[PDB]
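Would you mind keeping the following structure in view while I ask a few things?
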Amino acid sequence: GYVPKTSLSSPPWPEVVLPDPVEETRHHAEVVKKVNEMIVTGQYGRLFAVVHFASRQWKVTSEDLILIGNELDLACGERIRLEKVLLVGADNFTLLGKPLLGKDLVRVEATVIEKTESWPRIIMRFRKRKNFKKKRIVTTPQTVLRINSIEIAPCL
Amino acid sequence: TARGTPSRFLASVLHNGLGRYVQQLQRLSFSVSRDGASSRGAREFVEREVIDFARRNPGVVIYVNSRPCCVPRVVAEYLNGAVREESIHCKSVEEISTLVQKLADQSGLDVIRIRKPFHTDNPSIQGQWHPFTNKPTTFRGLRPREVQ
Amino acid sequence: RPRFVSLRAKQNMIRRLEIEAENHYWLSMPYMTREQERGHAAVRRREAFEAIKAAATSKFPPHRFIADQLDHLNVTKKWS
Amino acid sequence: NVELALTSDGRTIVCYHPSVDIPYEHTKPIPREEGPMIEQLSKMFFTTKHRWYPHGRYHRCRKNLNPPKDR
Amino acid sequence: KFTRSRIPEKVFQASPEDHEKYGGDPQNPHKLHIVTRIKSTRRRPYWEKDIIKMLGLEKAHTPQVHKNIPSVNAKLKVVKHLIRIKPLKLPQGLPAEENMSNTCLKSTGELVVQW
Amino acid sequence: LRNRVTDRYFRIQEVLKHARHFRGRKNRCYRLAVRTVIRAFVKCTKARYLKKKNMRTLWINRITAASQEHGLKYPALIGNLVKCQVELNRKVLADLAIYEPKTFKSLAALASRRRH
Amino acid sequence: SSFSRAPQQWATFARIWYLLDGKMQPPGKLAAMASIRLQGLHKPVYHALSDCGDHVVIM
Amino acid sequence: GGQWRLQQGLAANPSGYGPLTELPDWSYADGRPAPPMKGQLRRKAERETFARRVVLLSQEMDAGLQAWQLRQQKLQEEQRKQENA
């Protein structure tokens, strides 16, 4: 099965060896414990979170403003918990959900600051030489949310 | 179109949600006519809904003039100084109710195109990317092809 | 100008053909026979057409109300 | 320089990425007419000449002097 | 001339190799098809368009459940190049009235009574 | 002239206001203004597709640059993130590339690890 | 991070000088590398209107 | 990654059925659940109609088979009962 060392004898990409599962689990536990201790001792400043709200993912931090393109059935000034957090990150560590982080880990809270309409959007249809011309003006409801705080808990 | 229209960035008035929420609508002024079918809906709104709205929104001072100029109107004045005038001509009671609630909910900022659906004053926590992030350093800071 | 068939086009056609072959297989195993299926849905089909006929034959002008006629007097309602 | 680790349940990935400082040894001590003008500017800023020619009053008036500012 | 195509019956006679490949037992056949339209009826004959409308496959990629009976199968044979057919699998049996509102059609073709 | 139009001024101005930023007589003459305003509105309507298309192209370009900074190619990054069940979208990935380089470095390392 | 606004912007949009060695290299592969760098498509902050290209010195 | 998702038995589109679209987006900061989202309600109604159709079609086919069996039994028992002399 041995092949002499030629240009095409081996794949160009470097060979990859799977680490032994015992050492992999040991290293995983060590890293998780280190990050959990950082969370316990509060060794982090600002937190950012990627949160799935409405239909989209928002990269979010405390004091941030977010413009949802629909009405939310919430009074202005009402506080809310954004429950679908995909990612939370600090300066020195990040936590990734698969695909979502647990409710125990992260708590992202927002506040309905504004309920508005968008500026008028023009929908015009035109087809040449067909007397085909149509115009419509649409205003989309919108809600401005302010992200008040992102909290993480040592539940790793 | 966007190119033939002013635009702004998403913003609040005084960081309206950080410490507490302050309703930005501060004044409503309904100019309503005693006679004239144009203000029939406004008259019914004053009879049936303006009191409930006023007690739901204690921070908004509501005036009812009962003698308008031109068409019956509602002038909404906001904390940031914005003045939005909405004609309530020939609108039904429910139409006026929804319009007034919309005025109460919205801020005084211009209803124009908003460039970004978000606004961060701290877009970066780990440090904004610059070309020298992810670039390894070299011994004694020697640039490529440097002799020493 | 001539046109040529790419490997991507061939692969797309092959994917479609595989889907169709699986369709053939799944169509090759009927649950009931043609004699067993005869009339097994007749009651439901008859009821559905009865509903269609009822909708077709219930068409009639809507009612007219004195309240609707008289409410128009409110166009001149004022404040005394 | 990133440490990756699934949690024990395997439902969240934990990334440890401390910021690495630049070693002292990897640093150096601090040291102690229209035509010709446009050619000089183009050479200085590695641009072409076309950038430095003026524009008409129509374009200049079209430019917005109070642009919206974010952050 | 272009006409309707009469598919020979041997096309719809599965082989043991086919049974192994696709995982369906000819004895105790599946009761219900899940048919999804995956091809446009545009540039297809009016009879194929009509069959698609009859089967309720106007929206592409929207699963529709049909009986696995000879008449439905004849229509499906007419439009077999425009659709994907997969058997409906019921690991927990057909849903009961209690959990009729808690079902979900998994991408594998299984109607699960928990969601 | 029993009935004559008296609003033609305002009917004209409704179009001219949208035409005011055009070049040449298209901003003044209604006959020319109305044709270019209709074209402008049709372009505005059709450009909502191109805005979404170009944003994804921009995100993919930025993600490609950021991942090439770590030796990954964009297909590898995206596919391996999917296989690791990380459902971050391209907008968010581009934002992380620009503003959280260490988080993006972690994601690239994760994608390469999954690949290996 | 923690830079002032102007220095931060300057750092982010500064143009870098790259060196390619053309010895025994395909001109097309050299050109692919150089064109990416010249456009700035190697920067995550790339945008066609940001003028974020870099200098490429090919020897 | 649609093919990989299909192999793992998920929706090819992550925007399809899954936690990211079927869970509530938000809840009140107190802890009270939010009213169901319009898309989630519509999707639940569609799934209920699909399940009801599955039940209806299955029951109709089963009843048809049972009726055919009974018809066969009646035919054979009648042809046997004709032998009475």
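Going by the order they are written in, the chains are A, B, C, D, E, F, G and H; count residues from 1 in each one.
By definition in this document, a contact is a pair of C-beta atoms (placed from the backbone, for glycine too) under 8 Å apart; a residue touches a chain by one contact, two chains touch by 3 or more.
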Checklist entry - What pair of chains is linked by the most C-beta contacts? => result A-B
Item to check | Where chain A and chain D are represented by their mean Cα positions, the distance between them in whole Å | outcome: 26
Item to check | chain C and chain D: spacing of chain centres that average the CA atoms, whole Å | outcome: 57
Checklist entry - How big is the gap, in whole Å, between where the Cα atoms of chain A centre and where those of chain G centre? => result 29
Checklist outcome for this item: For the pair chain F and chain H, the C-alpha centroid-to-centroid distance in angstrom is 41
Checklist outcome for this item: Touching at least 2 other chains, the residues of chain G are 43-45
Checklist outcome for this item: chain B residues touching 2+ other chains are 1, 116, 119-121, 123-129
Item to check | Touching two or more other chains - residues of chain C | outcome: 31-32, 37
Checklist outcome for this item: Checked against the stated definition, the touching pairs are A-B, A-D, A-F, A-H, B-C, B-D, B-F, B-G, C-E, C-H, D-F, E-H, F-G, F-H
Checklist outcome for this item: Residue positions on chain B within touch of chain D in the complex are 7-9, 115-116, 119-121, 123, 126-127, 137-141
Next on the checklist: If we count contacts the way the header does, which residues on chain G are in touch with chain F in the complex?
Outcome noted: 41-47
Item to check | Residues of chain B touching chain G in the complex | outcome: 124-132, 144-145
Next on the checklist: Using the touch definition from the top, list the residues of chain E that touch chain H in their complex.
Outcome noted: 31-32, 63, 65-67, 69, 88, 94-95, 100-101, 103-108, 111, 115
Checklist entry - Any idea which chain D residues touch chain F in the complex? => result 1-2, 4, 13, 15, 17, 19, 62
